[PDB]
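Number of protein chains: 2
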Amino acid sequence: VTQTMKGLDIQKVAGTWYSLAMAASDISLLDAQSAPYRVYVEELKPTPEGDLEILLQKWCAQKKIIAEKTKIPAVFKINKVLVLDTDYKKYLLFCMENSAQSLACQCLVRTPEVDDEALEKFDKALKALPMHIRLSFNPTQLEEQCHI
Amino acid sequence: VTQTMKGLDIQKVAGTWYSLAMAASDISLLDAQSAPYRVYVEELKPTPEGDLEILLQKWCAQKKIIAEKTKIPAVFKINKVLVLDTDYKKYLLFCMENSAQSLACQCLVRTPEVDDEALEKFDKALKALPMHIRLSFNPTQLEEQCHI
Ligand SMILES: CCCCOc1ccc(OCCCN2CCOCC2)cc1
Ligand SMILES: CCCCOc1ccc(OCCCN2CCOCC2)cc1
Ligand SMILES: [Cl-]
Ligand SMILES: [Cl-]
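In order, the protein sequence lines correspond to chains C and F.
Residues 829 to 976 (the numbering used here) make up the first sequence, in order.
Residues 829 to 976 (the numbering used here) make up the second sequence, in order.
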């Protein structure tokens, strides 16, 4: 992955997000509810020290993890988290990768709605990536624990 | 679905195909190996009477079904099968739909290779359809029973 958000203000991504779409390098990273990269983002909480606290749902448990910051403002560690793109107000695109290469990305949105602009920009960003599974969820599913 | 292949010669789609990509209206139609629309096409055999015999794999059993012809050359019955597009020699795009509306489509290719033109044309055809899961398989997986 070589698309990172230039000049990211991590402070301004704080608050509520919806995992609208997810894609991944291997089907088995996203196919089941229990699949390893099937994580639904609930809230992003940037620390004052510039680390990133993530609230997510995983099959339906609430979970807290911290993405520690790096020399690069758009990259964090946990497995690396890269912020591709965001307008802070509506959408955020990010990716997760390990070091084998297993890779998963998400289109996050602020509200439980189908943002077609945000999905275009998501599909554009995936054209360069070797994804073999893509999921997308409706407004109903977005308002349920673990998108059931 | 309102993209059908004009002037389809069903005779000329006979022989060997590979289920390279699959998309579907609902995740649960494609997520597991046992998912209802997770069918891998092996061979297409058009009858002289103009019906279509389908050999497929389903989780790993071989299976035979006949798609009976209709007044429209690009539409068959089993649940309806619509042939969107094909160049006979390389790719075929089709869709399956019931009457609720549960809908699944496939990019078939002649050989076990990743045809980027055929996937473009597949993605173009899905832009108009309400798909929530898409899968794609590598050359290795294409040469295995049920794409394991
Ligand atoms: C731009 C910031 C968005 C980053 O959001 C996430 C980054 C990494 C994630 O990783 C999930 C890792 C899975 N954990 C271990 C297994 O149980 C669930 C938590 C999840 C969200
Ligand atoms: C252009 C012709 C391609 C059509 O290929 C297929 C059409 C319909 C299919 O339907 C699968 C229905 C599932 N059957 C019942 C459940 O067990 C497996 C067979 C499969 C391939
Ligand atoms: Cl939708
Ligand atoms: Cl591939």
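Heads up, the beta-carbon is just placed ideally off N, CA and C, and yes, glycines get one too.
Residue-level contact to chain F via CB, residue i, 9 Å cutoff
{"i": "C:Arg-962", "result": "yes"}
{"i": "C:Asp-859", "result": "yes"}
{"i": "C:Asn-966", "result": "yes"}
{"i": "residue 800 of chain C", "result": "Nothing in the structure corresponds to residue 800 of chain C, since chain C is present only between 829 and 976."}
{"i": "C:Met-833", "result": "no"}
Reference residue i, options the options, closest by Cα
{"i": "C:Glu-871", "options": "C:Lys-892, C:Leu-857, C:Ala-953, C:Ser-853", "result": "C:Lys-892"}
{"i": "C:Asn-907", "options": "C:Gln-890, C:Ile-976, C:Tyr-865", "result": "C:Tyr-865"}
{"i": "C:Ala-842", "options": "C:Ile-976, C:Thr-914, C:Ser-853", "result": "C:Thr-914"}
{"i": "F:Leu-884", "options": "F:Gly-835, F:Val-867, F:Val-903", "result": "F:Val-867"}
{"i": "C:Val-942", "options": "C:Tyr-919, C:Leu-910, C:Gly-878", "result": "C:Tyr-919"}
{"i": "F:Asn-926", "options": "F:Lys-905, F:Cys-935, F:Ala-946, F:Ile-894", "result": "F:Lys-905"}
{"i": "C:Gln-934", "options": "C:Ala-928, C:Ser-964, C:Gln-890, C:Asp-944", "result": "C:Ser-964"}
{"i": "F:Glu-877", "options": "F:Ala-953, F:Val-869, F:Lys-897, F:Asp-859", "result": "F:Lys-897"}
{"i": "residue 804 of chain C", "options": "C:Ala-849, C:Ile-900, C:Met-924, C:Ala-928", "result": "For chain C, the structure presents residues 829 to 976; residue 804 of chain C sits outside this window and is missing."}
{"i": "C:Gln-890", "options": "C:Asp-944, C:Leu-936, C:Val-869", "result": "C:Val-869"}
{"i": "F:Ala-956", "options": "C:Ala-956, C:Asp-944, C:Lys-949", "result": "C:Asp-944"}
Residue i at chain C interface by Cβ criterion, 9 Å
{"i": "F:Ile-894", "result": "no"}
{"i": "F:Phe-950", "result": "no"}
Interface partners of residue i on chain F, CB under 7 Å
{"i": "C:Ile-855", "result": "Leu-963"}
Contact set for residue i: own chain, Cβ-Cβ below 6 Å, skip 5 residues either direction
{"i": "C:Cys-888", "result": "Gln-973, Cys-974"}
{"i": "C:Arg-962", "result": "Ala-851"}
{"i": "C:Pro-958", "result": "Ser-853"}
{"i": "F:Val-911", "result": "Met-833, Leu-836, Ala-902, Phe-922"}
{"i": "C:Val-829", "result": "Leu-910, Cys-923"}
{"i": "F:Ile-894", "result": "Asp-879, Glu-881"}
Own chain partners of residue i with C-beta closer than 8 Å, once the 5 adjacent residues on each side are dropped
{"i": "C:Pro-940", "result": "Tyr-846, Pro-967, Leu-970, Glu-971"}
{"i": "F:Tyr-916", "result": "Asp-837, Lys-840, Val-841"}
{"i": "C:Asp-854", "result": "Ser-930, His-960, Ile-961"}
{"i": "F:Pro-874", "result": "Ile-838, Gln-839, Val-841, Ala-842, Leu-880, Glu-881"}
{"i": "F:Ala-953", "result": "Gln-831, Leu-912, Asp-913, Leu-921, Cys-933"}
Cβ neighbours of residue i in the same chain (closer than 7 Å, five flanking residues each side left out)
{"i": "F:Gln-861", "result": "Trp-887, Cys-974"}
{"i": "F:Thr-844", "result": "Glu-871, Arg-938"}
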